[PDB]
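One structure is given below, encoded as structure tokens.
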Amino acid sequence: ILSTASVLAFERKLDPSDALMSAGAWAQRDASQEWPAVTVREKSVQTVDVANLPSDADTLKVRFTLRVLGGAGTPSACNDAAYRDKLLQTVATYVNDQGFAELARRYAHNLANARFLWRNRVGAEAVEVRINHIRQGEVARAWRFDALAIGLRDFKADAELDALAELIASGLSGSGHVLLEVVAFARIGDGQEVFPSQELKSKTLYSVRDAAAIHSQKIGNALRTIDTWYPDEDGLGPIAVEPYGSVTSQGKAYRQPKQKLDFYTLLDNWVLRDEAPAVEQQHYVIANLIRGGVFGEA
Amino acid sequence: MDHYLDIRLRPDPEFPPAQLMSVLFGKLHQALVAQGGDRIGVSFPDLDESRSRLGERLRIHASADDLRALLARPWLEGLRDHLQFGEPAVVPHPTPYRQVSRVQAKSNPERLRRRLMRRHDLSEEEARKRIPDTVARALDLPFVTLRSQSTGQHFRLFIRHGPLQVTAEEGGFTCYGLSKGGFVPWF
């Protein structure tokens with residue numbers, strides 16, 4: 001029969017740390033070690049929470065660590081062992097078809113452009129991303145990208161980029177452990193208001209310990225924005241890899257289930273009836289398996 | 001004033017287009033502060049008056065050299081992903097002209113009360129009896145929201161397009177692209 005398992009929990013791959021922010025000056029980012037972090041402040045307008053840079057700063061210092069785990073096709077809790085074996089065979093067949101080539105390149109793009117800087121990148125005239133490869137506590141290999149050249153819409157190539165792509169692909173395959181400290185540097189302006197992820201004093205801004213921060217799941221949703229294989233209209237760029245391709249800004253869901261392009265129909269075509277989809281659709285399927293989920297029937 | 005440039009906000013899965021309009025308006029305000037001049041117009045081509053919606057495009061009316069200096073200004077960095085634009089082409093000839101105005105409001109009675117402390121030195125109860133709480137103005141016009149480097153408070157800038165006349169009038173433009181007496185073509 002080979003039905004879908006009743007429980008199909010998948011862990012998140014590419015675990016993001018809780019991204020802080022901090023303030024400082026451009027051309028002092030080489031000495032960006034003891035930079036003072038911005039703080040959530042209550043201001044009476046009714047009182048609301050605001051976060052902004054001080055007077056003697058124009059650059060943000062969003063820092064988070066990303067861990068590439070591997071074993072993307074392996075579920076954490078699968079009800080059926082035959083379905084788990086068939087799905088592992090299908091994911092391994094995908095790996096022999098391509099060894100996490102395009103997915104790691106697009107994830108290296110979402111690292112390379114500061115899409116994790118959601119609203120801290122729109123008003124910035126100079127955005128910079130620094131990625132250190134921490135291995136046994138030391139910087140194995142450093143990278144210093146530029147989000148101005150690497151656009152948020154097109155999907156290009158660059159040599160250090162491909163180096164980051166092979167590193168993320170080796171992490172996703174399982175041939176090693178990849179831990180990347182990513183520090184952003186956006187010239188948002190002198191004392192301009194920044195946008196941390198907001199907690200729910202009508203509205204509060206989330207922090208960790210005397211220092212404002214961005215949520216991990218915001219960084220994860222920014223990293224998942226590789227999906228361009230949806231039936232795109234009206235000139236929309238990449239969307240986040242979600243089940244049934246939904247975006248909150250447009251209020252609509254691409255990859256509609258009335259079409260045969262949502263993630264679950266592509267899974268049941270790929271691993272149950274052996275109807276292998278296109279290369280782009282299986283790229284999207286493996287990206288959704290990388291992000292994790294609670295997949296399964298009821 | 002003869003040339004126009006249409007900047008259309010490319011849709012974003014992260015932001016509704018109102019914040020893109022606000023960011024573009026602040027960036028063009030900074031560009032107009034840095035450049036100087038008052039022959040630079042601002043319009044809204046798909047301005048629907050049904051729900052006071054701004055639309056999804058923006059129109060800039062200026063000369064050839066002024067628009068060339070505007071594109072040569074580095075204000076456009078960081079906005080190429082969210083916006084797309086053509087070239088500073090000329091406007092069509094049979095185009096009726098309308099004006100654009102910034103209509104502010106006295107939405108805070110307490111601000112005017114604090115003003116009247118600084119002009120007549122009256123008491124708080126004299127301010128409350130002279131100015132009640134019903135003096136707040138509700139304005140049903142399209143608007144963008146902005147913050148300033150000089151004044152850190154977040155302010156709303158209402159934009160209103162005037163009646164469609166038949167000719168243009170010689171007038172200047174503000175740093176926001178709004179008219180202090182100027183006119184822009186409509187097409």
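In the structure tokens, chains take the letters A, B, ... in the order shown, each chain's residues start at 1, and ligands count up from 1 in the order shown.
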
If you take only C-alpha atoms and a cut-off of 6 Å, which residues of chain A touch chain B, and what are their nearest atom pairs and distances in Å to one decimal, in chain and number order, as CSV?
```
residue,atom,partner,partner_atom,distance
A:124,CA,B:78,CA,5.9
A:125,CA,B:78,CA,5.2
A:236,CA,B:11,CA,5.5
A:247,CA,B:13,CA,5.9
A:249,CA,B:16,CA,5.3
```

Hey, can you spit out that residue selection with N, CA, C and O atoms as a CSV table (one decimal), in the first residue's frame?
```csv
chain,number,residue,atom,x,y,z
A,124,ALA,N,19.1,51.2,4.1
A,124,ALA,CA,20.5,51.1,4.2
A,124,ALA,C,21.2,51.3,2.9
A,124,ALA,O,20.8,50.6,1.9
A,125,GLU,N,22.2,52.2,2.8
A,125,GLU,CA,22.9,52.4,1.6
A,125,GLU,C,24.1,51.6,1.4
A,125,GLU,O,24.8,51.6,0.4
A,236,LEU,N,6.8,39.1,-8.7
A,236,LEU,CA,7.2,38.8,-7.3
A,236,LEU,C,8.5,38.0,-7.3
A,236,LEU,O,8.7,37.1,-8.2
A,247,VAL,N,2.5,33.5,1.8
A,247,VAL,CA,3.2,34.7,2.2
A,247,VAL,C,2.2,35.6,3.0
A,247,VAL,O,1.0,35.7,2.6
A,249,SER,N,2.6,38.9,3.6
A,249,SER,CA,2.5,40.3,3.1
A,249,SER,C,1.5,40.5,2.0
A,249,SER,O,0.7,41.5,2.0
```

All alpha helix (DSSP H) positions in chain B, as an MDAnalysis selection string: chainID B and resid 17:35 64:72 109:120 124:130

Residue selection dump (C-alpha atoms) as a PDB file, in the first residue's frame:
```
ATOM      1  CA  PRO B  17       3.747  48.407  -0.283  1.00  0.00           C
ATOM      2  CA  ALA B  18       2.890  51.198   2.210  1.00  0.00           C
ATOM      3  CA  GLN B  19       6.263  50.882   3.953  1.00  0.00           C
ATOM      4  CA  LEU B  20       7.994  50.736   0.561  1.00  0.00           C
ATOM      5  CA  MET B  21       6.234  54.002  -0.335  1.00  0.00           C
ATOM      6  CA  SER B  22       7.348  55.487   3.001  1.00  0.00           C
ATOM      7  CA  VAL B  23      10.986  54.403   2.539  1.00  0.00           C
ATOM      8  CA  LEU B  24      11.071  55.676  -1.061  1.00  0.00           C
ATOM      9  CA  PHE B  25       9.495  58.978   0.030  1.00  0.00           C
ATOM     10  CA  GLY B  26      12.080  59.438   2.786  1.00  0.00           C
ATOM     11  CA  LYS B  27      14.932  58.571   0.420  1.00  0.00           C
ATOM     12  CA  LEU B  28      13.727  61.033  -2.229  1.00  0.00           C
ATOM     13  CA  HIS B  29      13.293  63.631   0.534  1.00  0.00           C
ATOM     14  CA  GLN B  30      16.935  63.123   1.551  1.00  0.00           C
ATOM     15  CA  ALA B  31      17.979  63.299  -2.117  1.00  0.00           C
ATOM     16  CA  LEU B  32      16.058  66.550  -2.604  1.00  0.00           C
ATOM     17  CA  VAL B  33      17.588  68.001   0.568  1.00  0.00           C
ATOM     18  CA  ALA B  34      21.093  67.087  -0.632  1.00  0.00           C
ATOM     19  CA  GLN B  35      20.601  68.209  -4.245  1.00  0.00           C
ATOM     20  CA  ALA B  64      16.387  66.634 -17.965  1.00  0.00           C
ATOM     21  CA  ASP B  65      19.435  67.877 -16.037  1.00  0.00           C
ATOM     22  CA  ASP B  66      17.686  67.733 -12.653  1.00  0.00           C
ATOM     23  CA  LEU B  67      16.539  64.140 -13.214  1.00  0.00           C
ATOM     24  CA  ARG B  68      20.015  63.205 -14.478  1.00  0.00           C
ATOM     25  CA  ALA B  69      21.508  64.638 -11.277  1.00  0.00           C
ATOM     26  CA  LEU B  70      18.835  62.787  -9.277  1.00  0.00           C
ATOM     27  CA  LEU B  71      19.778  59.451 -10.859  1.00  0.00           C
ATOM     28  CA  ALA B  72      23.460  60.359 -10.433  1.00  0.00           C
ATOM     29  CA  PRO B 109      -4.824  69.263  21.433  1.00  0.00           C
ATOM     30  CA  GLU B 110      -2.018  68.912  24.004  1.00  0.00           C
ATOM     31  CA  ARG B 111       0.591  70.119  21.491  1.00  0.00           C
ATOM     32  CA  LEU B 112      -1.375  73.329  20.890  1.00  0.00           C
ATOM     33  CA  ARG B 113      -1.888  73.686  24.653  1.00  0.00           C
ATOM     34  CA  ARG B 114       1.889  73.437  25.161  1.00  0.00           C
ATOM     35  CA  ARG B 115       2.232  76.014  22.380  1.00  0.00           C
ATOM     36  CA  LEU B 116      -0.114  78.359  24.241  1.00  0.00           C
ATOM     37  CA  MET B 117       1.999  77.973  27.375  1.00  0.00           C
ATOM     38  CA  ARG B 118       4.848  79.476  25.327  1.00  0.00           C
ATOM     39  CA  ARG B 119       2.783  82.391  23.959  1.00  0.00           C
ATOM     40  CA  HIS B 120       0.407  83.612  26.698  1.00  0.00           C
ATOM     41  CA  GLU B 124      -3.356  74.046  32.386  1.00  0.00           C
ATOM     42  CA  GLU B 125      -7.040  74.510  33.251  1.00  0.00           C
ATOM     43  CA  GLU B 126      -7.154  77.680  31.137  1.00  0.00           C
ATOM     44  CA  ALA B 127      -5.754  75.610  28.258  1.00  0.00           C
ATOM     45  CA  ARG B 128      -8.353  72.881  28.815  1.00  0.00           C
ATOM     46  CA  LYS B 129     -11.251  75.351  29.007  1.00  0.00           C
ATOM     47  CA  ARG B 130     -10.017  77.393  26.034  1.00  0.00           C
TER      48      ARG B 130
END
```

Using only C-alpha atoms, which residue out of A:226, A:6, A:60, A:162 lies closest to residue 79 (chain A)?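 Among A:226, A:6, A:60, A:162, it is A:6 that comes nearest to residue 79 (chain A).
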
I'd like the contact shell of region 168-176 of chain B - 12 Å cut-off, only C-alpha atoms, skipping same-chain residues fewer than 3 positions apart - returned as a PyMOL selection string. chain B and resi 1-2+22+24-43+60-62+94-102+144+146+157-159+164-165+179-186

Please produce a file of those selected residues containing C-alpha atoms, as a PDB file, in the first residue's frame.
```pdb
ATOM      1  CA  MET B   1       9.185  70.025 -15.733  1.00  0.00           C
ATOM      2  CA  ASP B   2       8.933  68.458 -19.190  1.00  0.00           C
ATOM      3  CA  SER B  22       7.348  55.487   3.001  1.00  0.00           C
ATOM      4  CA  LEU B  24      11.071  55.676  -1.061  1.00  0.00           C
ATOM      5  CA  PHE B  25       9.495  58.978   0.030  1.00  0.00           C
ATOM      6  CA  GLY B  26      12.080  59.438   2.786  1.00  0.00           C
ATOM      7  CA  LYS B  27      14.932  58.571   0.420  1.00  0.00           C
ATOM      8  CA  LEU B  28      13.727  61.033  -2.229  1.00  0.00           C
ATOM      9  CA  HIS B  29      13.293  63.631   0.534  1.00  0.00           C
ATOM     10  CA  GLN B  30      16.935  63.123   1.551  1.00  0.00           C
ATOM     11  CA  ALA B  31      17.979  63.299  -2.117  1.00  0.00           C
ATOM     12  CA  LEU B  32      16.058  66.550  -2.604  1.00  0.00           C
ATOM     13  CA  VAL B  33      17.588  68.001   0.568  1.00  0.00           C
ATOM     14  CA  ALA B  34      21.093  67.087  -0.632  1.00  0.00           C
ATOM     15  CA  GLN B  35      20.601  68.209  -4.245  1.00  0.00           C
ATOM     16  CA  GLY B  36      18.567  71.402  -3.959  1.00  0.00           C
ATOM     17  CA  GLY B  37      16.004  72.922  -6.285  1.00  0.00           C
ATOM     18  CA  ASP B  38      12.228  73.244  -6.377  1.00  0.00           C
ATOM     19  CA  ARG B  39      11.278  72.226  -9.908  1.00  0.00           C
ATOM     20  CA  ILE B  40      10.846  68.549  -8.953  1.00  0.00           C
ATOM     21  CA  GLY B  41       7.273  67.278  -8.900  1.00  0.00           C
ATOM     22  CA  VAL B  42       5.632  64.280  -7.232  1.00  0.00           C
ATOM     23  CA  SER B  43       2.432  62.504  -8.308  1.00  0.00           C
ATOM     24  CA  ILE B  60       8.385  62.318 -10.596  1.00  0.00           C
ATOM     25  CA  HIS B  61       8.177  65.367 -12.875  1.00  0.00           C
ATOM     26  CA  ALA B  62      11.325  67.428 -13.473  1.00  0.00           C
ATOM     27  CA  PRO B  94      -2.339  67.104 -24.047  1.00  0.00           C
ATOM     28  CA  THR B  95      -2.156  66.506 -20.299  1.00  0.00           C
ATOM     29  CA  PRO B  96      -4.261  68.426 -17.751  1.00  0.00           C
ATOM     30  CA  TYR B  97      -2.371  69.839 -14.779  1.00  0.00           C
ATOM     31  CA  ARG B  98      -3.210  69.347 -11.098  1.00  0.00           C
ATOM     32  CA  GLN B  99      -1.541  70.440  -7.872  1.00  0.00           C
ATOM     33  CA  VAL B 100      -0.187  68.369  -4.981  1.00  0.00           C
ATOM     34  CA  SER B 101      -0.401  69.608  -1.396  1.00  0.00           C
ATOM     35  CA  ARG B 102       0.669  68.514   2.079  1.00  0.00           C
ATOM     36  CA  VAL B 144       2.852  58.255   4.143  1.00  0.00           C
ATOM     37  CA  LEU B 146       8.126  59.186   8.138  1.00  0.00           C
ATOM     38  CA  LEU B 157       2.648  63.285   5.804  1.00  0.00           C
ATOM     39  CA  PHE B 158      -0.741  63.574   4.106  1.00  0.00           C
ATOM     40  CA  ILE B 159      -0.692  64.039   0.324  1.00  0.00           C
ATOM     41  CA  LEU B 164      -7.688  68.876 -12.649  1.00  0.00           C
ATOM     42  CA  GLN B 165      -7.079  72.262 -14.269  1.00  0.00           C
ATOM     43  CA  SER B 179       3.995  71.966  -4.295  1.00  0.00           C
ATOM     44  CA  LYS B 180       4.121  75.364  -2.612  1.00  0.00           C
ATOM     45  CA  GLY B 181       2.292  76.701  -5.681  1.00  0.00           C
ATOM     46  CA  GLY B 182       3.546  74.397  -8.417  1.00  0.00           C
ATOM     47  CA  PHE B 183       1.592  72.069 -10.685  1.00  0.00           C
ATOM     48  CA  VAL B 184       2.244  68.662 -12.252  1.00  0.00           C
ATOM     49  CA  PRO B 185       0.730  67.000 -15.352  1.00  0.00           C
ATOM     50  CA  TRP B 186      -1.697  64.101 -15.038  1.00  0.00           C
TER      51      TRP B 186
END
```

Could you find all residues in region 114-272 of chain A that DSSP calls strand (DSSP E) from the backbone, and write them as a VMD selection string? chain A and resid 127 to 135 138 to 146 178 to 186 198 to 199 204 to 205 213 to 214 225 to 227 239 to 240 246 to 247 252 to 253

Residue subset to file, keeping C-alpha atoms, as a PDB file, in the first residue's frame:
```
ATOM      1  CA  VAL A 127      25.018  46.391   3.705  1.00  0.00           C
ATOM      2  CA  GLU A 128      27.832  43.983   4.600  1.00  0.00           C
ATOM      3  CA  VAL A 129      27.759  40.366   5.815  1.00  0.00           C
ATOM      4  CA  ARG A 130      30.707  38.703   7.579  1.00  0.00           C
ATOM      5  CA  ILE A 131      30.625  34.911   7.995  1.00  0.00           C
ATOM      6  CA  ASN A 132      33.226  33.089  10.093  1.00  0.00           C
ATOM      7  CA  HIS A 133      33.542  29.290  10.053  1.00  0.00           C
ATOM      8  CA  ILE A 134      34.099  28.318  13.686  1.00  0.00           C
ATOM      9  CA  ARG A 135      35.666  24.861  14.009  1.00  0.00           C
ATOM     10  CA  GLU A 138      38.827  28.930  15.891  1.00  0.00           C
ATOM     11  CA  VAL A 139      38.065  30.672  12.597  1.00  0.00           C
ATOM     12  CA  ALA A 140      38.702  28.010   9.955  1.00  0.00           C
ATOM     13  CA  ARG A 141      37.724  30.164   6.960  1.00  0.00           C
ATOM     14  CA  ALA A 142      36.369  33.717   6.832  1.00  0.00           C
ATOM     15  CA  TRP A 143      34.026  35.369   4.339  1.00  0.00           C
ATOM     16  CA  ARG A 144      33.001  38.994   3.842  1.00  0.00           C
ATOM     17  CA  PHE A 145      30.121  39.458   1.403  1.00  0.00           C
ATOM     18  CA  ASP A 146      28.209  42.500   0.137  1.00  0.00           C
ATOM     19  CA  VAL A 178      29.433  23.504   9.918  1.00  0.00           C
ATOM     20  CA  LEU A 179      29.022  26.319  12.461  1.00  0.00           C
ATOM     21  CA  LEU A 180      28.945  29.842  11.009  1.00  0.00           C
ATOM     22  CA  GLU A 181      29.035  33.073  13.007  1.00  0.00           C
ATOM     23  CA  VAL A 182      27.248  35.627  10.809  1.00  0.00           C
ATOM     24  CA  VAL A 183      27.610  39.316  11.690  1.00  0.00           C
ATOM     25  CA  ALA A 184      25.702  41.886   9.637  1.00  0.00           C
ATOM     26  CA  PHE A 185      26.714  45.493   8.970  1.00  0.00           C
ATOM     27  CA  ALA A 186      24.027  47.779   7.514  1.00  0.00           C
ATOM     28  CA  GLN A 198       8.248  42.171  18.260  1.00  0.00           C
ATOM     29  CA  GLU A 199       6.964  40.362  21.360  1.00  0.00           C
ATOM     30  CA  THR A 204       6.802  45.509  23.131  1.00  0.00           C
ATOM     31  CA  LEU A 205      10.048  44.608  21.371  1.00  0.00           C
ATOM     32  CA  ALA A 213      17.434  40.829  19.755  1.00  0.00           C
ATOM     33  CA  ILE A 214      15.759  39.312  16.694  1.00  0.00           C
ATOM     34  CA  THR A 225      13.346  32.433   0.996  1.00  0.00           C
ATOM     35  CA  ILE A 226      14.751  30.507  -1.976  1.00  0.00           C
ATOM     36  CA  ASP A 227      11.471  29.442  -3.587  1.00  0.00           C
ATOM     37  CA  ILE A 239       9.190  33.499  -1.338  1.00  0.00           C
ATOM     38  CA  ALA A 240       9.854  31.431   1.768  1.00  0.00           C
ATOM     39  CA  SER A 246       2.059  31.158   1.594  1.00  0.00           C
ATOM     40  CA  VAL A 247       3.170  34.745   2.217  1.00  0.00           C
ATOM     41  CA  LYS A 252      -2.214  34.962  -0.552  1.00  0.00           C
ATOM     42  CA  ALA A 253      -0.813  31.446  -0.913  1.00  0.00           C
TER      43      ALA A 253
END
```
